[PDB]
Structure formats: C-alpha cells, structure tokens
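Before any comments, here is the structure.
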Amino acid sequence: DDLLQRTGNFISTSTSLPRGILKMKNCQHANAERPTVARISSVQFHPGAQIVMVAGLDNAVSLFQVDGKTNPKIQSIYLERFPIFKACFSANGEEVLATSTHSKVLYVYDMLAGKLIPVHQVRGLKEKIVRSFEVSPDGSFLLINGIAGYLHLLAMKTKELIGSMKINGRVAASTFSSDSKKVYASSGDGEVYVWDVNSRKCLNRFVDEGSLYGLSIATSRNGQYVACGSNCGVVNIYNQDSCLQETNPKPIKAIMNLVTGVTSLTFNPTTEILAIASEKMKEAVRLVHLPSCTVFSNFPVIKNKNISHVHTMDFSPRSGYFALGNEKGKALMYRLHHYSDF
Amino acid sequence: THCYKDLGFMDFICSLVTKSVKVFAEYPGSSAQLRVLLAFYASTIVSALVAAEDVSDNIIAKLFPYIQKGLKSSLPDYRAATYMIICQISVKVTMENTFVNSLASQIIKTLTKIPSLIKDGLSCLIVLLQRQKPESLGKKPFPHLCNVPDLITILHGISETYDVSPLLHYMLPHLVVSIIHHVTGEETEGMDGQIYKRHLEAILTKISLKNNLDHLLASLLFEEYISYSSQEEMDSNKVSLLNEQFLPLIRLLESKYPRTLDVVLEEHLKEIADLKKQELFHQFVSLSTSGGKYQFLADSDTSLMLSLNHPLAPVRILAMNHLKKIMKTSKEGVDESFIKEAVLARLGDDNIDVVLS
Amino acid sequence: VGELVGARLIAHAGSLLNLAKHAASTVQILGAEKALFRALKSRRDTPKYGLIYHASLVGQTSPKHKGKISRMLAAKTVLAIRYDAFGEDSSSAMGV
Amino acid sequence: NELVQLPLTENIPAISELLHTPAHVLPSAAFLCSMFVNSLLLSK
Amino acid sequence: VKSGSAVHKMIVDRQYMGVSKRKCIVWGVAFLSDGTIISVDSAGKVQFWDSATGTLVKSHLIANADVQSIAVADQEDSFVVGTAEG
Amino acid sequence: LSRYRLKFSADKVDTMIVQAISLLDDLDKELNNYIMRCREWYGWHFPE
Amino acid sequence: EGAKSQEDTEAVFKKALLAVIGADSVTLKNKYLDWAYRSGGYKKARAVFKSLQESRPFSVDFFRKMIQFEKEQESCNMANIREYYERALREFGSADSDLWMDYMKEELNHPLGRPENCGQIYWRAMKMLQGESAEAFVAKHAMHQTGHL
Amino acid sequence: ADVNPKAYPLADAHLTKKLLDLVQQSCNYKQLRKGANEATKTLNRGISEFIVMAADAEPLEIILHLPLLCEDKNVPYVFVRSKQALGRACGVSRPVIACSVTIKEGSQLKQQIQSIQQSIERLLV
C-alpha cells in the first residue's frame, strides 16, 4: 500500500541480461598448467562436462578441468608434425577432431574407446589438403570446405562422403543451421548461398550489403539471427526468415564498431551475446547485446594490454564462462556474473 | 542533468507543482492556468529519467510520494504527467514484486475518478504488466479491476491497434477461479460472479486471443475442473451446476479455436491414466461437443483415437466395438465427422476381422 | 534560397545548365570572386559567404553561425539545381 | 525462444522531437501522455 | 533474348573437382525444355546445370581427353556426346 | 516542322531570367536619380 | 449568375482579370474562387485555384477560402492543408501574426494533424515575423496557452 | 532487375568485383577522391582516370551532370548497383554515390587502370 511507512528496497535484479554494462571478473588462464608461446588456434568448452580443450600451433592438444582457481590438467597429446589449424569437439562430445595446415589426414580421437584414428584417405574425395571444416549441431553430418567453390558433406559416424555442392567463386566460410537442415555458405564475392542438406539444392541466393568479400558467418541456436562478417569490419545481423525469401535482405543492425576485417563470430547459447573479433589488430574484440543490438562499453580494458590479437572465442554451455585465445599462447577466461551455471 | 544529479532541484520542482495545484484547486474552471507548468513537469522528469545512466533507489524513493499525490488528484493533466512518469520508470528499471503490486493497486483503485482518462490508465497498466516480472501482481486488485464500467469495450478498442496480451494473461487464471467460487459459494454479490462470467464470455467473443492464450485458458479450465471434481465432498448437485455453467464456455472455446482443446486433452492423458480419474475425464469430454473421441477404453488406459490406428490388431476390434456402442448410445462428447472418417478408414485395412467390425 | 538570390545565381553563371555543372563549394563562393583571388594570391584565409549572404536562412542566423549555415545551404542547394536542370518533372517536393 | 525488442524512449523520433521543444510551446500534458503511452505500447 | 542481358554467369572448374593452369574450354552447350543446361568441357566431363538458380546440379567424368560434340534429339529423352578419343 | 518540335522543349529556357534581373537593377538606379530631383526641387518650397 | 448560363459567367470573370491588372484584381480573384465552388464543386474550385495560384497580387482571404473548402470536403487531406498554408506564409508570413497562429492551431485541433510539428512552426514564426508583428505573436500564443485563446 | 534505365553503362557482377577491388587499391595509394562534389573538380582539372557512380540514388538526376562532363573530357564512366558497396570500397562508414580515381605519375596501378579502362569503354561497344 505504501513503501515509505517502512524501510525496504526499490531496485531489484532482472532475469534478462542487462544492457550497457557487463558484470565480469577475470579468472585464471585456461592453459595455466601448460604454458606455451605458440599461437592458440582453437579453444572450446565441452558440451556436457567442465572440460576445456586448448590447441595451438604447437603440435599439442590438451584437455583441462574447468576450475576458476587452478584449471588442473587432464591429458595432453603431442602429434609429430601436425600443427593444429582447427580442433573441435563432436556434438555428443565423445570424440575430438583435429586438422592441420596443408595436411590431408584428419585426426579423430575417441575418448570413450581410447583410440586415435587418423583418417588419411576419404573415398571419393579429390581434395589435396583438409584444413577448414564444420560440424552439425545434431551430430549427423560433417562439412568440409574445398577448392573451386566445393562443399563436401560427410557422415559423422563412418566418415564417408555423401555428396558435393559447388558454388560460383571461392568458399570463404560456411556454417550449419540450428535445425541442421540447411547450409549457409559465404562466397568470395560477397554473396551468400543457402543449401538444403537432404537434397543438395540451392534454396536461395542473397547478397550481403556492402561486402566485397566475406570472412565469417554464424547462426544462433534459437534460429532467429544470422550474422555475416566482411572485410571492412562491418557485421550484419539478419532475421533468418529474411535471408530465405529475399534476394536483397535488409539487416536489423550493422555493427560499425570494428574497423578491421572480422574473422571470428560466436553466439551465446542463450542468444543474448554476440562476440566479434579481428585478428589483424590488437584489442579488436567486442561484445554485442543481441535484443538491443548495442555493444557493451566495458569489456575491452585497453590499458591492461593483455588480449592482443584474437584468434578463437568460445562460450560455456550455460554461458557461465567466456574463453579467449591469443597469439601469445594465453587462453584467457572470464566469468559472467549474470549466469550462475557452467 | 542538474535535475537528475541533484535531488534537491527535483524535490523543488515537485513541491512547486504540488503547491501550485493545491492553490489553483479552489477556483472552478482554472485547469487551463496550470497547463504549461504541468507540461514542464511532464517534460523534464521523464527526460531526467532518460538521462540517468542508472536510476538509484533514492530517485524512486523521492518520486513515489509525488506519484501517489498525482494519482489521488482530480486534475487530468496532473494525472497524465503521473502516468508518463510511471510509464518511464516501469520501462527503465526492474522493480520488486511488492512495489509493482502497490503501484498497480494504486492505478486500478483510482481509475474511475476521471472518466476521460480511463483508456490511457488501462494502457498504462498494460505497460506496467509488460516490462516487469509476469507474476508481480497479486489477486487483491482483481475485484476493483472487474467493476470498472465497460471494461471489455475499452479493452477491445485498445486491442484494435495494440497488443493487450499481458492484461488477459493476468485476468484469466483469476477469472476462472472466481467463476468457480461463485458457482459453489457466496461472493460480495451474486452479480459479482455474474459480471465475472460476463467478462470471460465477452473476452472470448470480442477480443482475439493471441500468444498461446488459448492453450492457457483451456488448460486452466480443464485442470481446475478436474481439481474441483476431485474434492473429498461429493457435491453432485454442485457438480451438475458446474457442468451447466461450463458448458457454453467450452462450446465457444471449441468453436472459435478448434484444435486447442484437442491438444490440451492429448497432453493430459498420461497422468489421468496414471491416477484413477478416468470417469472425471469422461464427464469433462462429455461436456464438450468434440473430445469424446478421446474417451478411455473400458478395460485399458488408452484413448479411442489411438486405439483405432495403433499397430496391435486384435484389441483394435474392441475399439470399433466401443465405437459401435458409441454408435448406439446417446452420443454427447463425440461428433458425426470423427465416426465417419474412422469407419471409412477402417473399412480398408489388412485384418479381415477389422473389416467385419 | 529564394526568388531573388536564385535569379542572381543563374545570371552569374549565364544559364541554369552552366550553374548545374558547378560544385557545391563554388556555389557558396560564387558571388565573392574579388575576395577569393585576393586571398589566394596573398595566401590569406578564403571567403565563406559569396552571394549566399543574402539568403533568408543565412540572414536569420547569428553571425557566429553564418559560416556553418552557408556551406550546409550550398551543399543542399546544388541538389535542387541538378534536379531542376535535368529532371523532366516540375515539382517542389524535394526542395520542401 | 523468440526474442522481441520492446520500444524505448530514445529510439522513437516523434517522442524525441516532442521532448526537445520549449515548455511554453509544448501542448497540454494529456496529449503528451497519449502519444507517449501509445508509443511505448507494442504495435501488432 | 527479349532484353539482351546476361542473367547468369556460370563458372566451370578447370579440372574435375580441382584446379589447373590450363583453361577450361566449353566445347558445346545443349539446352533442354525443363531448364537444365548440358555442357561438355575440355577437362573431359559432361555437366548438368540449372538455369533458374545458376548453380551446378551434376557432373559426369567420362573421358581422359576433350569431349567436343553435343547433340540432343527432338524428344528430350536421349542425347549423344563425342570425345577426342574417338 | 522544326518550330513544332523545340516549342515542346520550351518554357524551360532561362533567357528571360537573365534579362529581368538585370533590368530590375536598372530601374532601381533610375528611380533613385528621379526621386532626388523631386525632393531637391520641392525642397525649395516645403523643406520640412 | 442570376439570369445567365454558367459558361457566360466564367467568360465575364476572365475578361475582368484581363482588364484589371493592379491591386483592384484582389477582390476579383476572391469572387472568382467563391463562384467556382458554388457553380461547380470542389473539383471546379481546384481548377480555378491552380490557374490563379501564380498571379502574385493576392490577399489572405484567397488562401483562407481554399482551406475552408478542403475542410468541408469529406477527404480532408492534411497534405493539401499544409500545402495551402505554406503558400500563404510565403506571401504574407512576414507581417501576418494571425496566419501563423491559425496554422499552429490546425496541427493541434485537426484529427490528421501532427502536434509535434508545433515546435518547428513556433521557431519559424519568430524569424520570419518583423517588428511589432513578432511581439503580437508572442502575446497571442501566451493567451492561447491559457484558456483565454 | 528494377534498375533505372538512365544508368546505361551498368557493370555486371563480374566487372563490379574488378571495379571495387581497384577502388580499394587506389585508396591505399592515395589516388581516390570521394564524394560527388570532389569528383566533379577532378574532371574540371582533367586529372581523372575514370568515374564510378551509384545507380540506386533515389533521385538519379543529382549525379547526371557527371556523364555530360565525362563526354567532353573523354573519360570513361560506369555505374554500380549499390552505393553501400561503393562506400565500403572507398573506406568510408557512409554511403558514397560518386568517386574518382586520379592520375598519378609512377603509379603501380597503371596496368590495372589500363585494363579496367579497356573493360569500361567496351560496354559502350
């Protein structure tokens, strides 16, 4: 009835993530137990366990227990002459897949069975080297970027080729849809193609606004947003329905904060944060509040001068942790106080 | 900037506005004299709330008595300025459930004093019920909310252009409970329960329900009917009264939105089969025109729709046999169409005994 | 810009199409030819008003802001000059 | 699932223009309340 | 034709699912009613394209040398190709 | 035949804009000279 | 008009505009526009107004009459209402305080008007008005803010 | 489709990629003038290699004075479908409707500029 005949509060916390200011605290480095000086190519959080995997230009692949204080080492594996271009977990999380720069063989590490299977020969595949690849969220498909604008679809369980898709021009980047029923491929002339997984047909061809050539592409888990990065540092965010039906879609908001070409795009699992990065400049990483399409003003503390060049970003499955990998061999980790679960 | 950073200036402005309003209240037909000043009072404070990076509890604690004074006044412009201030505060800051409850209570209780500011006030409530936590508001202001003249007509007028979903989302769970309480018991008046059922009927007929309010209403009706039918006392006469009260509502909810009742019945089959509540489910589906196609079989815990086309062939015979009994008896929960396509589809399958049935 | 100022602008260039070929900066300093060449030879500061000084918008503004308004008016004015010279439909929709 | 961005005061141009005018030029508070509350509502 | 503008330009890979310095020469093109383009390339392959989207539909590698001739019957259920091998 | 064509491309000619702004200045000069004589000649009769 | 055909009335008006060229043409144009609405409809008035919109000797009654005709018609296109006011303010905006005040009340009272434009109209009114007319508009607006109007 | 016919030298998809790539190089070597007003001064000074214009300027007439000046100086001019693409190629965070590549002695873009000039004039047959 009245709040000034008693003593009490007026301001309370919201369930949704607040805009403008992000509450964060620095944590211990992910690769603290295993220090290195080589560039960190990939960092990723395990889907079902508190495990973080760090791979880099040094030939080692490591798995770490995710603890804020110490981050103890679980296991580290060194390959002979295999500088890891990209390493990722499977959708189920049971096996680890890694690839190298200018190497034909693809390494599959099955943790449950304790077997390391090198897939050097894929039948029906004419590709000389395998460096760029993506995995579907459902876990039934694997996509390999090739040459002459070729996309190769492989079964996950047996690693055998299903079919091929050819686009005009070079393949710059590719990603899978949230439902895993479609493929988004960005070409080298700024055009983006949409392919159907079940029948390898081109559903639609739309054009990213003001893009000479694209470098990255990402999709949200809920299926609402599609993000495309270009050479000028401009990231365009679209509705997924707009991309499917319009040849010249109008983006919801074009992020002009980054000034150098965007190479990394990562969506928050709750679809409230978009992380953008450029490796050509130091301190070139930003965070975007998705519903408002506004950038948090407090994340990059440029005086500390720790982030430097950014090559890989990842979020914990419940968005409790944020990971960052640089060229100095430091896998930086931050905790977001808004999310209390790993 | 000096208004939001320095609280003394804001207190000065509010005190000046209140004193000027109190001075000019005595003279009849002096509302125009307070125009510009009140506009100034509307112009700055909202803008101040826009300018502040974070609105601390001090600002809201200072603003609240003046908000209450604006709500209690009879001047239209002063109430309008209070409404704008309340709207901006609700948009910007998150509030505890108690303070939202008190603010909504004060908005609802003083709505009818000025008849020219009803609509905006209701719309203001919608904003307060859209930017806050869903269960912030309680049940205490519900009667005074129902007693305002021509509530559903104003709600429909607002609905033609803007979304009115939060107010109905708040209203319906209370409306069903209050209707059941009127059916079995006493209220403030019999016309109170009558105006409750009239409100729910008018909401069903005139205002289109969107954002899955249909599923919520159907689930509330089914769940609470089953819950009251599960009371320790028999109340057979009260049960019949409740049935004749809910019959037209179920009729119209089926008619306007066809498939919602089927889905909500499908979602609730499992726990009804788990418990010994098959007879109550049969009574509820008999209350509807369609939904008797989900009648449980006499011997097993399966629905009639699933019994007709599930893989196991022998027990399917009983289903058609049950349909035959449903054929001969007084069909009340089932319709002609379902029986027709069921028999037409079952004439042509593999099993010869099924063909004979 | 007005009836009188527009008429003087056309007369200076000799025709409407000749005025259309000019840039936005030239239209601003079209009237002030004596100050322009005196400043250019002596390496002094260039004039900023020209014939636009007698425009209605420039006249109303305070003397401190008469410099900013002159270039904003001149940049927008040439857009009306090009469309009136080359467009085949006579209307005031864009100018308003 | 679906994320919807509710309207905000600073984004609306009409509300900003109404708030940038001098107070004596400004119209009565009832009209301002009508426009403000209508703009704050979600349009369907 | 009722325009004279090139709606689609289709890039042909110089080697079958690969790249080479030698330029690929399209020796013959056949056009069907459904909208599919049949092309024969110097890399030794016959390619089926879709005109509506301007993307490759299928490829067939049939020879180690040039495939140089294309011909389709009046009823579009059969066609013939010739290779440099004879 | 010629005058049928370029007539339809007329009313977009500015020869009367450059001939009516120059005349507008000339009339101002003659007005200034003529008023001065009127005030001067009649100022010897009613100077106030 | 009383005892002759419609076409002859228009012929007399056109002869009158040719004979009278100076300030006396002001009353001629006003009666010509009034006749067009009576003899014809709104469409006839629109044709006459378009022909006479460029004959510079005018009065404020010419534009006020045309605004009233648009108001009586069921359409009430607000773009045309603004379009007539801009032409009137171009001719007599420097000295007519009432015309500026009448324009501002249209944006408030009319259902299709935009009240948020009143900030720009007041700003434009001060600069174009000269001398005592500027002071008159302030006093009239100050009375309009109160109920005295 | 849906292009104003007054932009006759319309480059196709392949030529547009070559055009914007060259414009990007010219920005890096400080050989590009940005804006319709700055472009116009280059033709009057006769130091322009070629002119690139944006076809989707909603009033297209505001840039139609440039083709007339080009035809006197014998300077090739071409239209592109997007001003947003033209603005990003020029390295500006705002749309650009006209840009000019200027004459520079000793430029390493001379072979590329010559090739594009042969391409643009080839459109006019």
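Overview of values
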| read-out | value |
| --- | --- |
| Residue that is part of a loop (DSSP other than H, G, I, E, B), touching a helix residue (DSSP H, G or I) at 6+ places or on another chain (Cβ under 7 Å) and buried (at least 20 other Cβ atoms within 10 Å of the Cβ), where the choices are H:52, H:96 | H:96 |
| Identity of the residue in chain D, within 7 Å of another protein chain (Cβ to nearest Cβ) and polar (S, T, N, Q), that ends up farthest from residue G:142 (Cα to Cα) | D:1 |
| Leading residue by the ranking (farthest from residue H:16 (Cα to Cα)) among those in region A:204-213 that are facing another protein chain (nearest Cβ under 9 Å) and outside any loop (DSSP other than H, G, I, E, B) | A:204 |
| Qualifying positions in region A:39-78 - closer than 13 Å to residue A:101 by Cα and outside any strand (DSSP E or B) | A:57, A:58, A:59 |
| Some residue of region B:83-101 being β-branched (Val, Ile, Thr), free of Cβ contacts under 8 Å to residues at least 24 places away in the same chain and either assigned to a helix (DSSP H, G or I) or surrounded by 18 or more Cβ atoms within 10 Å (Cβ to Cβ) (or both) | yes |
| Members of region B:120-151 that are surrounded by fewer than 20 Cβ atoms within 10 Å (Cβ to Cβ) and either away from every other protein chain (no Cβ under 14 Å) or part of a helix (DSSP H, G or I) (or both) | B:139, B:142, B:143, B:144, B:146, B:147, B:148, B:149, B:150 |
| For residue E:28: the one exception among (1) touching a strand residue (DSSP E or B) at 6+ places or on another chain (Cβ under 8 Å); (2) more than 19 Å from residue A:151 (Cβ to Cβ); (3) without any contact (Cβ under 8 Å) to a residue 40 or more places away in the chain; (4) not charged (D, E, K, R) | (3) |
| Members of region B:246-301 that are among the small types (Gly, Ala, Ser), assigned to a helix (DSSP H, G or I) and closer than 30 Å to residue B:207 by Cβ | B:255, B:286, B:292 |
| Residue count, region G:93-104 (criterion: more than 11 Å from every other protein chain (Cβ to nearest Cβ) and surrounded by fewer than 17 Cβ atoms within 10 Å (Cβ to Cβ)) | 3 |
| Residues of region G:116-149 classified as touching a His at 6+ places or on another chain (Cβ under 9 Å) and either surrounded by 15 or more Cβ atoms within 10 Å (Cβ to Cβ) or away from chain B (no Cβ under 14 Å) (or both), total | 5 |
| Answer from A:227, A:275, A:254 - the residue that is closer than 17 Å to residue A:178 by Cβ, of a type in the set (A, V, I, L, M, F, W, C) and not in a loop (DSSP other than H, G, I, E, B) | A:227 |
| Condition check for residue A:340: within 16 Å of the chain's Cα centre (by Cα), of a type in the set (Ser, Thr, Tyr) and assigned to a loop (DSSP other than H, G, I, E, B) | no |
| All positions within region A:82-137 that are surrounded by 15 or more Cβ atoms within 10 Å (Cβ to Cβ) and on the phi > 0 side of the Ramachandran plot | A:93 |
| Scope region A:273-292; condition out of contact with any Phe, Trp or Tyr (no Cβ under 8 Å at 6 or more places or on another chain) and either surrounded by 19 or more Cβ atoms within 10 Å (Cβ to Cβ) or of a type in the set (A, V, I, L, M, F, W, C) (or both); matching residues | A:276, A:277, A:278, A:279, A:281, A:284 |
| Which listed residue, of A:295, A:310, is under 16 Å from the mean Cα position of the chain (by Cα) and either surrounded by 18 or more Cβ atoms within 10 Å (Cβ to Cβ) or free of Cβ contacts under 8 Å to residues at least 12 places away in the same chain (or both) | A:310 |
| Selection from region C:9-27 of residues that are closer than 16 Å to residue H:44 by Cβ, free of Cβ contacts under 8 Å to residues at least 60 places away in the same chain and either more than 7 Å from every other protein chain (Cβ to nearest Cβ) or in contact with a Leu (Cβ under 8 Å, 6 or more places away or on another chain) (or both) | C:13, C:18, C:21, C:22, C:26, C:27 |
| Pair list, Cβ under 7 Å, 6 or more apart: region H:56-73 residue at the interface with chain C (Cβ under 10 Å from one of its Cβ atoms) and more than 12 Å from residue C:81 (Cα to Cα), other residue surrounded by fewer than 18 Cβ atoms within 10 Å (Cβ to Cβ) and of a type in the set (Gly, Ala, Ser) | none |
| Residues (touching a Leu at 6+ places or on another chain (Cβ under 7 Å) and either among the charged types (D, E, K, R) or farther than 18 Å from residue A:276 by Cβ (or both)) located in region A:307-330 | A:320 |
| Test: residue E:37 is β-branched (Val, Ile, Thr) and assigned to a strand (DSSP E or B) | yes |
| Single unsatisfied condition, residue H:14 versus (1) surrounded by fewer than 16 Cβ atoms within 10 Å (Cβ to Cβ); (2) in a loop (DSSP other than H, G, I, E, B) | (2) |
| Where a residue in region C:83-96 is facing another protein chain (nearest Cβ under 9 Å) and its partner, wherever it lies, is surrounded by 10 or more Cβ atoms within 10 Å (Cβ to Cβ), with Cβ under 6 Å and at least six apart | C:83/H:59; C:83/H:61; C:85/C:16; C:85/C:17; C:85/C:20; C:86/H:61; C:86/H:64; C:87/H:61 |
| Spans of strands (runs of 3 or more DSSP E) in region E:40-86 with at least 1 residues within 11 Å of another protein chain (Cβ to nearest Cβ) | E:45-50, E:55-61 |
| Considering residues of region A:214-237 that are within 14 Å of residue A:288 (Cβ to Cβ) and either among the charged types (D, E, K, R) or without any contact (Cβ under 8 Å) to a residue 40 or more places away in the chain (or both) only, the residue nearest to the other protein chains (Cβ to nearest Cβ) | A:234 |
| Where a residue in region B:185-207 is assigned to a helix (DSSP H, G or I) and its partner, wherever it lies, is surrounded by fewer than 16 Cβ atoms within 10 Å (Cβ to Cβ), with Cβ under 6 Å and at least six apart | B:193/B:187; B:204/B:252 |
| Pick from region A:192-203, criterion within 11 Å of chain E (Cβ to nearest Cβ), part of a strand (DSSP E or B) and of a type outside the set (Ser, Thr, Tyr), ranking: surrounded by the fewest Cβ atoms within 10 Å (Cβ to Cβ) | A:203 |
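Every residue, every condition in (1) within 12 Å of chain C (Cβ to nearest Cβ); (2) of a type outside the set (A, V, I, L, M); (3) part of a strand (DSSP E or B); (4) over 15 Å from residue H:96 (Cα atoms), yes or no:
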{"residue": "H:4", "(1), (2), (3), (4)": "no, yes, no, yes"}
{"residue": "H:20", "(1), (2), (3), (4)": "no, no, no, no"}
{"residue": "H:24", "(1), (2), (3), (4)": "no, yes, no, no"}
{"residue": "H:38", "(1), (2), (3), (4)": "yes, yes, no, no"}
{"residue": "H:43", "(1), (2), (3), (4)": "yes, no, no, yes"}
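Any read-out appearing in this document is the output of simple, stated calculations on the displayed coordinates, not a laboratory observation. Every residue, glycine among them, receives a Cβ derived from its backbone with ideal geometry; neighbour counts consider all protein chains shown.
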